[PDB]
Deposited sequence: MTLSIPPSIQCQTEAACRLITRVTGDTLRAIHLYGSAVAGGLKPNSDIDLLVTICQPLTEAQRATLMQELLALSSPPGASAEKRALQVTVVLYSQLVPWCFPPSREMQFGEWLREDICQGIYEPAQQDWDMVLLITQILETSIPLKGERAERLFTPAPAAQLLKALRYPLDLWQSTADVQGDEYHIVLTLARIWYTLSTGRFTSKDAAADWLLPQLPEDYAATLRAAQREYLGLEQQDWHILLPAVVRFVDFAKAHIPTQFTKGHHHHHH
């Protein structure tokens, strides 16, 4: 261990074999990461995969990969036997040596099903979240193909990890920026706050529990509602809660650290 949860082994092997067959000789590695390995696998959770390749895929490779991942993935919650897949593809040359912000070659996920069905695919593009993804994989991941992460990737400088953690925080500003993703944003803000304060990464649920006793009660109530929905215990009316979510976002913007809290950098 680390270990692949038995309940996802079959689908994870099928995804691995598809990605291997389509990418052929450009494939460098495939890593399983996220809550399946780090903890907190819930009924709606996806299976998170990072695919490292040497050269860009042809349009043929990309089209085949997208269409066949549609058949291997299901919408979150539709099935207990066939989960949503999230597959991010990255060029090795964006990570070794690092390019900041790094780009991602391709992204599959269920939120893109309607577009992907019609052959509409996001182009390669810069994404600061890749710094966070590789940082998490260096701590907790399983190589399904290729080498263990610590033999393949190198840590980003703290200065760049700081920028990657604060980029989404600065970008959430208006009601429309958060509508449709209320509990997800509230919980991700708790995770960002936890990482900047401790230098560590933790699950959505554990980050909420870490932050709750530190908040004034009004902000603790919004965080509790987000946590309780994520845990399956009650679905809120987020239209009614939107003004309090906006206040929570602004409180986090005002209070989250602007540099790692040092002896508490990520190591």
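- Gaps in the model relative to the deposited sequence occur at 1, 263, 270, listed in sequence order.
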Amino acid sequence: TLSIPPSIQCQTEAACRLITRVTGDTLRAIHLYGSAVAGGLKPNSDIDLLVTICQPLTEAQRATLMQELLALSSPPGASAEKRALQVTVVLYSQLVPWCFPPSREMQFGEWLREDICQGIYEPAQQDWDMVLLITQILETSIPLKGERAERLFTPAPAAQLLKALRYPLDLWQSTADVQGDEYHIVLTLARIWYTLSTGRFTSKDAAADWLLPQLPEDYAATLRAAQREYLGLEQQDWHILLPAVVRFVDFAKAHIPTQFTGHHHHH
From here on, numbers count along this sequence of modelled residues.
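- Comparing 215-223 with 53-61, the stretch with the higher mean C-alpha B-factor in the PDB entry is 53-61.
- Taking the mean C-alpha B-factor of each stretch as recorded, 77-85 and 92-100 are not equal, and the higher mean is that of 92-100.
- If you compare the C-alpha temperature factors of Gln136, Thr195, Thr188, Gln118 in the entry, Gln118 comes out highest.
- Per the deposited coordinates, the residue with the largest Cα temperature factor out of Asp129, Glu182, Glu110, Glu105 is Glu105.
- Per-chain ranking of the deposited C-alpha B factor places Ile4 in the middle third.
- Ranked within its chain, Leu18 lands in the middle third, by CA B factor from the PDB record.
- For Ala208, the recorded CA temperature factor ranks within the lowest third of the chain's modelled residues.
- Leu231 sits in the middle third of its chain by CA B factor, as recorded in the PDB entry.
- In the PDB entry, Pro243 places in the middle third of its chain by CA B-factor.
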